[PDB]
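[1] Okay, structure incoming, though there's no sequence with it:
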RNA sequence: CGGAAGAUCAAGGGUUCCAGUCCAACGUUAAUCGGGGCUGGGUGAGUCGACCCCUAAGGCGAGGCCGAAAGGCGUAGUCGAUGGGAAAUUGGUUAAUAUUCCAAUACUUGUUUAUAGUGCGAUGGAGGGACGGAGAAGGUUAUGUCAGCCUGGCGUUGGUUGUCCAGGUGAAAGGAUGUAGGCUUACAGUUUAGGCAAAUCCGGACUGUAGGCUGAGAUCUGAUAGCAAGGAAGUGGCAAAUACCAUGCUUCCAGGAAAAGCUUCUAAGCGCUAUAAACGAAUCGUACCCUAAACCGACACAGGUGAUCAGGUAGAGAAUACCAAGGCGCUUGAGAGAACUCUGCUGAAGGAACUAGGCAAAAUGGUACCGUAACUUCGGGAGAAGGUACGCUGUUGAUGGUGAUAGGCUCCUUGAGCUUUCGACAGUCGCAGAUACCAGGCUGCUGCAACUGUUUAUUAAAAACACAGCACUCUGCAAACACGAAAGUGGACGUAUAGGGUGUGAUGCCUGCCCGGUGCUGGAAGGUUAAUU
């Protein structure tokens, strides 16, 4: 369906690794839904960015960090990010 | 025969090994082999119910034809093999149709000769015949007890049975236990004594050789404490009581057979 | 020297875990008792 | 430090990893530093591992059996790795990931479409997979070392443009090839007491007809890769693994997983094999520690913690000494240089007088050769005891390997260069040549236990336990015996040359008398004797 692809991409990653990946290889880094497959990421990228072609999706799960705030020990959410390679 | 080892080690000084050059050096017939994991002498409760069992060499089970129901089809002895599951040698039989089996090998049974099963068979070693067709005084082995069940008696290496006579539907057999007993005359037996007659002449030599055969050490009751064994206890060496097992059952002379449904099969026992 | 606790995750989850508790009637009584005390850790 | 105190992991941990920032607490001191606080970042896979397919032990277990209940067992099955099952390597890149990204060159396995040919199909049959211990002879590579080549240097002090010095420099998987090794008759036909039915497949019985499979390494290709001072070199000799050939070969007895994938055969029933072309190969893990300050020990704790990699010079060596790469100086210092304590070094003369006792120390210690007693089970004792040589230099005899060079993935002869092992003779220096580290002390009498082993985790290692061997006794198989309430088990898919219990404990010579007591075995004439009636 075309309503599940709108939730696949949670937002871009802005960092030095992301910046230099974009500069050298033109590859976009997204924080993606925790349950998205590479095929779903490919379809979502190609639908939300009209005119681009996806060669490769590399995914990874990153565990959230523990950050004790005030009197409590809590942790951030895990998240999934995708490295997406686009046609030059 | 029996070959002494040279005393080149104290663990070799008393090794007397049973040697048979004539038995197969290769691997057994793969289709007659079954996997068999060791038990440690532990039952389905995981409890030790039989002491001094454990370790030893991995061995396959050779499927033995103890029944011999391929009657009237001759077999030729392909090879005589060592079997780790028994003290007797086994013979690979090759039947006329090409089916292969293992049987207990008789002493006077060589590679190449023909064995027969049934009632119209020659009285030669390795032939399986009902006890009514075997002449009296013939030395037999692999005795069936219930009709059609397969051989149960006289199977160990060197085992022979004297076929003394007959009374009705019973054959009178003298077993090597010194026991004369009845067996139904429709039960089968195999002609000749069992191979590997010098099994009992061997000497293991060292404790490790008993370990290789899966036998754990045995600790005398007098060396224990009284909480472990009726013989335990005492300042220094002492026995103190009538000899008995760890469960309190006397071990010098006390009879333990208790079976009334078979008591009528037994003619008598020998006194010595 | 070697100490008493030698951790192994599979062995922990197989002797003390949730499905090991739920396999026995006595393990389910362990769980009922932990829930009645209100423990935040039911099982290892 | 360097068979780690370096590197890669598994397990366990879980962000400790990297950067910035802070120094209260934490860190046994201070701290600007940190595995501490705070804020950000960081883990990229068809090929690595998991998942997945398969099974071991062992679980659970429609029905089934058993049991007051709870439950226990167990068939078919279904789970369960520590084992079997597809596949990639080099190099570059980040502060931090890399067989994952990037570059180059590969490999495995699918789906869809099409083109032809065409009997396909299994949870079943058969093959296969598929396996022990030890030992030995080879052949190799990894790797090392020298050389060559390239780039620099001419040395704070005699010499150093040379036969001088330093640094750098050797591309993999794969594709071909088919070597050293290893194994080995091949094909066709006829038929059938067998493989639960069927089978063209296996097995069996006959009849004719007479190199293959595997395999390290080398070589070619891959291959105009990458790599430094600011745009170079890149190939010869020798040595050489515990890695590979090799799941091999040879021997032995204690006789050596399973199942699937895979190859074939058919059954019920009604797609398959080649050629490509396109498209795919999901999900989870991946940071970091891991002989540790990140795990287990309450600690940043002298302990414990599986596997893997294994440079140089000496050396048998993974010992030891000193070094490489790499990594560290162990999170209080500074003085002083009393007693006393600890750990060492040397010690006149004496040499066990010490002491419960040579406890501790001292001593010995290597290789070759010579020589070696009582006794002995003929194996041993034995390295008994005790001697002698040993460095360096020159000359010189013999000798193993490898092979340039010529001559007739091969053979033979020849032997350059390099390297191995024994010697001889002559000289030479010192107190001393197995010079350091390293590395048996040895004898005589006698008790005990045959011996190797085992044991009181944490005060006892022994003469204690075990042991091969011996004897008694039980046990005829639904065995005796043991677990269990029973079912069900072990004994044992064993069968009296076996299995249990008991004592004794190699071996040599042997093992006397007593059956009154108490057991055990047999007997039953008589006496006594339960429930019941």
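    Now that the structure is in, tell me what you want to look at. Numbering: from 1, shown residues only, chains lettered A, B, ... in the order given.
[2] dump the residue contacts of the residue nearest in space to the middle of chain A.
    What sits nearest the mean C-alpha location of chain A, by Cα atoms, centre = their mean, is residue A:30, with 2.4 Å. By Cβ atoms under 8 Å, 6 or more residues apart in numbering or on different chains, the contact set of residue A:30 is A:9, A:10, A:11, A:12, A:13, A:41, A:45, A:81, A:82, A:84. C-beta here means a position set from N, CA and C on the backbone, and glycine is covered the same way.
[3] between those residues, which is closest to RNA strand D?
    Checking the contacts of residue A:30 against RNA strand D by Cβ to the nearest atom of the strand gives residue A:13 as the nearest, at 5.5 Å.
[4] which residues touch the nearest residue to that closest one once chain neighbours are set aside?
    Residue nearest to residue A:13 in three dimensions, not counting chain neighbours: residue A:29, with 3.9 Å by Cβ to Cβ, 6 or more residues apart in numbering or on different chains. Counting by Cβ under 8 Å, 6+ apart, residue A:29 touches A:12, A:13, A:15, A:17, A:18, A:21, A:22, A:81, A:82, A:83, A:84.
[5] hmm, back to that, pretty sure the residue nearest to the centre of chain A sits in a strand.
    Yes. Assessed with DSSP: H, G, I helix; E, B strand; the rest coil, residue A:30 lies in a strand.
[6] beta partners for the nearest residue to residue B:41 once chain neighbours are set aside?
    Once flanking residues are discounted, residue B:41 sits nearest to residue B:53: 3.2 Å by Cβ to Cβ, 6+ apart. For residue B:53, the beta-bridge assignment (DSSP bridges) gives partners residue B:215.
[7] mind checking the longest helix of chain C?
    Taking DSSP state H as the criterion, chain C has its longest helix at helix C:25-37.
[8] which residues are contacting it?
    C:20, C:21, C:22, C:41, C:42, C:43.
[9] Got phi/psi on residue A:34?
    Reported as degrees, to the nearest 10, the phi and psi values for residue A:34 are phi -60, psi -10.
[10] gap between the residue in the stretch 101-250 of chain B that RNA strand D sits nearest to and residue B:67?
    Going by Cβ to the nearest atom of the strand, RNA strand D is nearest to residue B:158 of the stretch 101-250 of chain B, at 2.5 Å. From residue B:158 across to residue B:67, the span is 22 Å (Cβ to Cβ, to the nearest Å).
[11] Give me the three-state assignment for the residue nearest to the spatial centre of chain B.
    In chain B, the residue lying closest to the centroid (Cα atoms, centre = their mean) is residue B:156, at 2.6 Å. Using three-state DSSP, the structure places residue B:156 in coil.
[12] so who does it touch?
    If you count contacts by Cβ under 8 Å, 6+ apart, residue B:156 has them with B:86, B:87, B:88, B:194, B:199.
[13] Can you get me a residue count around the third one?
    Meaning residue B:88. Residues contacting residue B:88 under the criterion other Cβ atoms under 10 Å in any protein chain shown number 26.
[14] Excluding chain neighbours, what is closest to residue B:126?
    Closest to residue B:126 by Cβ to Cβ, 6+ apart is residue B:115, at 3.9 Å.
[15] Name the residues linked to the one you found by a beta bridge.
    residue B:75.
[16] I'd assumed residue B:73 was in contact with it.
    No. With contacts counted by Cβ atoms under 8 Å, residue B:115 stays clear of residue B:73, the gap being 10.4 Å.
[17] What's the separation between the residue nearest to the centre of chain A and RNA strand D?
    Noted for residue A:30: a distance of 11 Å to RNA strand D, by Cβ to the nearest atom of the strand, to the nearest Å.
[18] Pull up the gap between that residue and residue B:2, please.
    Residue A:30 sits at a distance of 83 Å from residue B:2 (criterion: Cβ to Cβ).
[19] Then residue A:64?
    Counting by Cβ to Cβ, the gap from residue A:64 to residue B:2 is 76 Å.
[20] for residue B:243, same thing?
    Going from residue B:243 to residue B:2 by Cβ to Cβ gives 33 Å.
[21] What distance do you get for the residue of chain C positioned farthest from its centre to residue C:11?
    Distance from the C-alpha centroid of chain C, by Cα atoms, centre = their mean, peaks at residue C:1 (27.2 Å). Per Cβ to Cβ, residue C:1 is found 21 Å from residue C:11.
[22] picking up where we left off before, beta-bridge partners for the residue nearest to the centre of chain A, please?
    Residues in beta-bridge contact with residue A:30 (DSSP bridges): residue A:12, residue A:82.
[23] measure it to residue A:43 for me?
    For residue A:30 relative to residue A:43 (Cβ to Cβ), the value is 13 Å.
[24] Assumed residue A:45 was part of a helix.
    Yes. Under three-state DSSP, residue A:45 falls within a helix.
[25] Now for whatever residue of the stretch 1-150 of chain B ends up closest to RNA strand D, how many residues are close by?
    In the stretch 1-150 of chain B, no residue comes nearer to RNA strand D than residue B:98, which is 2.6 Å away by Cβ to the nearest atom of the strand. Residue B:98: 6 surrounding residues under other Cβ under 10 Å.
[26] In terms of helices and strands, where is it?
    Of the helices and strands defined by DSSP states H and E, none includes residue B:98.
[27] among the contacts of residue B:156, which are in reach of RNA strand D?
    B:86, B:87, B:88, B:199 (Cβ under 7 Å from any atom of the strand).
[28] Adding secondary structure, write the residues you listed out as TSV.
    Compiled in TSV, those are given as follows (three-state DSSP):
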residue	secondary structure
B:86	coil
B:87	coil
B:88	coil
B:199	helix
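[29] Of all residues in chain C, which one is nearest the centre?
    Note: chain C centre (Cα atoms, centre = their mean) maps to residue C:16, 3.0 Å.
[30] how close does that one get to residue B:101?
    To residue B:101, residue C:16 is 51 Å away according to Cβ to Cβ.
[31] Any quick PyMOL command for the buried ones out of the contacts of residue A:30?
    Filtering the contacts of residue A:30 down to the buried ones (16 or more other Cβ atoms under 10 Å in any protein chain shown) takes a single PyMOL command:
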select buried, chain A and resi 9+10+13+41+45+81+82+84
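[32] Neighbours of the residue lying closest to residue A:54 once chain neighbours are set aside, how many?
    Distances taken as Cβ to Cβ, 6+ apart put residue A:42 closest to residue A:54, at 4.5 Å, once the chain neighbours are dropped. Residues within reach of residue A:42, counting by other Cβ under 10 Å, total 19.
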